[PDB]
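Colleague: Structure in C-alpha cells, see below.
Please note: Cβ atoms are built from the backbone with ideal geometry, for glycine as well, and neighbour counts cover all protein chains shown. Where a number appears in this text, it was derived from the coordinates with a stated rule and is not lab data.
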Amino acid sequence: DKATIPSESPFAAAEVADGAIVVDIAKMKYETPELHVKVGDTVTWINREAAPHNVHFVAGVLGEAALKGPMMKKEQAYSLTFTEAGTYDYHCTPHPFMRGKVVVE
Ligand SMILES: [Cu+]
C-alpha cells in the first residue's frame with residue numbers, strides 16, 4: 001500500500017494533528033483539489049458541510065483494494081499518511097462530481 005490510515009473512522013475537526021496538511025471540504029468541493037505533499041506527510045480532510053462527504057480512491061491507486069473512506073459528518077475529519085511517491089486521484093462517493101488528487105513527491 002501507498003498510504004496508512006491513522007483512524008479508520010472520522011474524528012472531530014478540533015482534533016486535527018499538528019503538521020497535518022488540511023484539505024477543507026466546503027462549497028461542495030475539495031478546496032485544495034491538487035495538493036502536493038512529501039512522503040510521510042499526513043493529509044487530513046475536514047467536512048465543513050451538513051451533507052456527508054468522504055474520499056474514495058479506486059482499486060489500484062493506494063493499494064490493491066479501493067480505499068473507500070468513511071462518511072464524515074459536519075465538522076469531522078479523516079486522515080491518510082502517504083508513504084510512497086505517486087499521483088493519487090480520489091472522489092466523493094455520494095457526490096462523485098467532487099474530484100481531487102494528492103501528488104506525493
Ligand atoms: Cu463530497
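Colleague: Please report, in cubic angstrom per residue, the volume enclosed by the convex hull of the alpha-carbon atoms of the chain.
Modeller: With only Cα atoms used, the chain gives 82 Å³ per residue.
Colleague: Would you work out the relative contact order for the chain, in percent, from Cα pairs under 8 angstrom that are 6 or more residues apart?
Modeller: Relative contact order here is 35 percent.
Colleague: Another question about this same structure. Might you report the magnitude of the Cβ-based charge dipole of the chain about its Cα centre, with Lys and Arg at +1 and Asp and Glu at -1, to the nearest 20 debye?
Modeller: Roughly 380 debye for the chain.
Colleague: Taking neighbour counts of Cβ atoms within 10 Å as a proxy for exposure, in what order, fewest first, do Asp18, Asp1 appear?
Modeller: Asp18, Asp1
Colleague: Considering every pair of different Cα atoms, what Kirkwood radius, in Å, is found for region 58-105?
Modeller: It works out to 12.0 Å.
Colleague: Projected onto the charge dipole of the chain (+1 at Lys/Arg Cβ, -1 at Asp/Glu Cβ, origin at the Cα centre), which of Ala77, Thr42, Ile25 gives the Cα projection farthest towards the positive end?
Modeller: Value: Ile25.
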